[PDB]
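A.B. asks: sequence first, structure after, both from an experimental entry:
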Amino acid sequence: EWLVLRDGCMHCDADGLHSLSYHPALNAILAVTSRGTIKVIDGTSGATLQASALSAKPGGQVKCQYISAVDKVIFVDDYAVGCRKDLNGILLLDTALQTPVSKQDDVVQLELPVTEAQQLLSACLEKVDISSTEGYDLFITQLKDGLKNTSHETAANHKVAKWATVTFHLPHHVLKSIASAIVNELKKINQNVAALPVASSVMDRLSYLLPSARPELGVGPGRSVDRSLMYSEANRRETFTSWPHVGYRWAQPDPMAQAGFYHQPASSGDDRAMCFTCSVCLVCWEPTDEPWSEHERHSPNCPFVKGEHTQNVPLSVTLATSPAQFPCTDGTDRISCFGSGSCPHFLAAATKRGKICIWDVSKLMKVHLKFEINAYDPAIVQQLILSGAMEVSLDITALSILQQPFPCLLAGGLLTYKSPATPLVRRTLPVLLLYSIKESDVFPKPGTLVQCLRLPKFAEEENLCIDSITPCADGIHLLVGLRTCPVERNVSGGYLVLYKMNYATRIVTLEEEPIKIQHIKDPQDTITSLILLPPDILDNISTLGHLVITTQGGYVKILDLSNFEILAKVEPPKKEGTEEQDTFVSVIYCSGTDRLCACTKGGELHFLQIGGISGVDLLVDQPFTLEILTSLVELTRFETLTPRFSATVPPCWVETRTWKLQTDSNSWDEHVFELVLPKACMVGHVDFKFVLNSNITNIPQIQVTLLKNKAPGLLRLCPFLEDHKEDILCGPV
Ligand SMILES: [Zn+2]
């Protein structure tokens, strides 16, 4: 029996909670309410960060999911799918599911942070005179009221202030004209202020939200490009599609495009890349030519070399302000299911009519594949023949992508067909369909069937439907959780089918024989949501980790993935003011709290903790032999952390990680940087490198102190350190 500790609970909303999602970089829980709003809560102190409505249609069923492999958040409604990511430590969730407009006069929602809005207001009131521009008074008044509402919350909590964004409701063409006027007015005065890149990013986001204001990229000889259209980084890196030197080490499109260069070739096959700010003539590129060093040498007066603020638009701002594309061009079909698998770089979306669109959300948001599933495939036909005019209706209920060898799409389909009774009866059968993803550069064509896996007899007998598909942490096994499909005896709670992936051929396939079948004989224990726990947390036939599932009645079950035996049981809490069951609906894992965070029926959040000195052979009492001292010395070495950790800084610092400080006196007295490791392991040390001012004539009395971040509740030192003096772990130095 495994021990689970309960140390309290928190109240998020009184409207209830349905699904949960956790962002590991910002330690933020994105709880999904039953009314469609997304409530972002911090995971370090219990103080809620923000609330969002995603600018979607009212009454829509918002479903939010997170991917840590690509570090992107997917929001799926009944209409469209939106992709978001972190931007300067906050998530721009106000316009996450914004439908792209078709005309210039449509009112668009423009969400902006606090420092950007303050710089825009300071420029418009001090350095920029744009009173002749259309819509100037409305934008000025909206900026003023947004800043005057934000400044009250600014002095209370810094993280809630940074998460708070001002949403302007203005027409698209008016905002575009205002931003163009700001860019021109700041360009004619030759002043390098912070409002210029803000306005450039704003106008690039507005141009990206409207496909009608996106002219075609005219990359060709004898034709100049539009520099104002080339202010975006994505267009500059798109211009290198015909680059003949992709195989070069440093002359690659992605590292060389971010320096502010675009391909303007005079012929077909050359390497002429011009800057979009200083217009430096560069030819005969070399594989050893570092882009930053070449831009510094050939143009030291370029503001990118000095780091000054230009009209550049970073790709992170465009990705954080990307629109929500519909799975079809008609935009009227409703999405039945979504998800991600062992290759989550591509995002799949299937409609109820049988059309699947796959987007490359890992790269820039574009159309990657679009096809329609035909239910009358020969493999489906012969599987239905082996099961027993001809009418077949196929509906997808789960989506996954499996990869070890190009990736393939796994769709969990349900086939309903009229069969004679041995009057016609509509029988349902769940199957798995494999479709090709990667296009051709006799291999199968994309959009065609690869493997038609047939589920065993109990799925057809009980009319079960494929509820969830999840690849295991090993990468060699796959789990399918079923449930009773409602119709428009002994009721079962579903089945857990563990399959083995097949990599015998060049295409990712599965095996017909299931490697494990587990039954849920209790109808009350119907599986609603699942999560997988990494085994290294327990390190503080090989075992395949632990699986945490939520039931219909709210009983959280933690089971070993090898045999699906009930190891840990968590009863649902009781509602306040009564004896009703506050049944758990969804569960996620919070790394910052190191706890299972589960949402209740009443909207509460509960954190469950997993896990709970003599008799050791020490390394001291032994005699001083050579091997023991050698093992002690080999123990005391240090290694570099890989991959990248997580960290956030105050916005006065702009960007193994480095930053540059800007002269801001709003919070000059204190600076708090937060660090979250990707995994709790053996802490060696932290290296803190600094470069000071060149005009320093006196030794500064400035101290840096490391502190253990406190877990949230479920000569005299500085007062902030006095507040956390007991839990200190380094310094003062
Ligand atoms: Zn330049």
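C.D. replies: Sure, I can see it. Numbering: from 1, shown residues only.
A.B. asks: any residues touching stretch 304-317, and which ones?
C.D. replies: Defining contact as Cβ atoms under 8 Å, 6 or more residues apart in numbering, one finds that stretch 304-317 is touched by 85, 87, 183, 187, 192-194, 196-197, 200-201, 204-205, 231-234, 237, 258-260, 277, 292, 295-296, 299, 303, 364, 660. In short, each C-beta sits where N, CA and C put it, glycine included.
A.B. asks: what residues of that stretch count as buried?
C.D. replies: Along stretch 304-317, these residues count as buried under the neighbour rule (16 or more other Cβ atoms under 10 Å): 304-305, 309-315, 317.
A.B. asks: same question for stretch 591-604.
C.D. replies: Using 16+ other Cβ under 10 Å as the test for burial, stretch 591-604 gives 591-593, 595-604.
A.B. asks: neighbours of the closest residue to residue 225 other than its chain neighbours, just the number please.
C.D. replies: Ranked by Cβ to Cβ, 6 or more residues apart in numbering and with sequence neighbours excluded, the top spatial neighbour of residue 225 is residue 264, at 6.1 Å. Residue 264: 19 surrounding residues under other Cβ atoms under 10 Å.
A.B. asks: quick one: contacts for residue 264?
C.D. replies: Applying Cβ under 8 Å, 6+ apart as the definition, the contact partners of residue 264 turn out to be 219, 224-225, 239, 272-274.
A.B. asks: just these now: which is nearest residue 248?
C.D. replies: When these are compared for distance to residue 248 (Cβ to Cβ), residue 273 comes out closest, at 12.3 Å.
A.B. asks: which strand or helix spans residue 111?
C.D. replies: When elements are assigned from DSSP states H and E, residue 111 belongs to strand 107-112.
A.B. asks: likewise for residue 196?
C.D. replies: For residue 196, the element it lies in under DSSP H and E is helix 195-209.
A.B. asks: which SSE is immediately downstream of that helix?
C.D. replies: Remark: after helix 195-209, the chain's next helix or strand is helix 233-238, criterion DSSP H and E.
A.B. asks: now that next one: how far from the chain's centre is it?
C.D. replies: Between the centre of helix 233-238 and the centre of its chain there are 22 Å (Cα atoms, centre = their mean, to the nearest Å).
A.B. asks: what does stretch 388-401 give?
C.D. replies: Put simply, stretch 388-401 sits 30 Å off its chain's centre (Cα atoms, centre = their mean).
A.B. asks: kindly report the same for stretch 601-618.
C.D. replies: On Cα atoms, centre = their mean, the centre of stretch 601-618 falls 28 Å from that of its chain.
A.B. asks: equivalent analysis for stretch 144-163, please.
C.D. replies: 25 Å.
A.B. asks: same thing with stretch 450-465?
C.D. replies: Its chain's average C-alpha position is 33 Å from that of stretch 450-465, according to Cα atoms, centre = their mean.
A.B. asks: any idea which of the buried residues of stretch 304-317 is closest to residue 141?
C.D. replies: The nearest one, if we look at these relative to residue 141 and count by Cβ to Cβ, is residue 317, at 24.9 Å.
A.B. asks: wasn't that closest one part of a strand?
C.D. replies: No. Judged by DSSP: H, G, I helix; E, B strand; the rest coil, residue 317 forms no part of a strand; its state is helix.
A.B. asks: generate CSV for the buried residues of stretch 591-604, with distance to the ion as supplementary columns.
C.D. replies: Output for the buried residues of stretch 591-604, formatted as CSV (distance: Cβ to the ion, whole Å):
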residue, distance to the ion
591, 42
592, 42
593, 47
595, 50
596, 51
597, 48
598, 53
599, 51
600, 56
601, 59
602, 58
603, 53
604, 55
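A.B. asks: closest to residue 566 among these?
C.D. replies: For the buried residues of stretch 591-604, the minimum distance to residue 566 (Cβ to Cβ) is 15.5 Å, reached by residue 596.
A.B. asks: how about the nearest residue to that closest one, chain neighbours excluded?
C.D. replies: Sequence neighbours aside, residue 608 is the residue nearest to residue 596 in space, at 4.4 Å (criterion: Cβ to Cβ, 6+ apart).
A.B. asks: how many residues are close by that neighbour?
C.D. replies: Using other Cβ under 10 Å as the criterion, residue 608 is surrounded by 20 other residues.
A.B. asks: with residue 685 instead?
C.D. replies: Neighbours of residue 685 under the rule other Cβ under 10 Å: 7.
A.B. asks: three-state assignment of it?
C.D. replies: Look at residue 685: counting by three-state DSSP, its state is coil.
A.B. asks: residues in contact with it?
C.D. replies: Going by Cβ under 8 Å, 6+ apart, the list of residues near residue 685 reads residue 638.
A.B. asks: from residue 445, how far off is it?
C.D. replies: 55 Å (Cβ to Cβ, to the nearest Å).
A.B. asks: give me the contact list for stretch 461-470.
C.D. replies: Surrounding stretch 461-470, the residues in contact under the criterion Cβ under 8 Å, 6+ apart are 339, 341, 397-400, 410, 412-414, 428, 430, 432, 455, 458, 478-485, 487, 492, 494-495, 527, 529-530, 532.
A.B. asks: in PyMOL, select just the buried ones from those.
C.D. replies: With 16+ other Cβ under 10 Å as the burial test, the buried ones among those are selected in PyMOL as follows:
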select buried, resi 339+341+397+398+399+400+410+412+413+414+428+430+432+455+478+479+480+481+482+483+484+485+492+494+495+527+529+530+532
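A.B. asks: in helices, which of the contacts of stretch 461-470 fall?
C.D. replies: Taking DSSP state H, the ones among those that sit in helices are residue 458.
A.B. asks: show me the contacts of stretch 461-470 that map onto strands.
C.D. replies: When the contacts of stretch 461-470 are checked against strands (DSSP state E), the matches are 339, 397-400, 410, 412-414, 428, 430, 432, 478-484, 495, 529-530, 532.
A.B. asks: between the contacts of residue 264, which sits nearest the ion?
C.D. replies: Proximity to the ion was ranked across the contacts of residue 264 by Cβ to the ion; first place goes to residue 274, at 8.5 Å.
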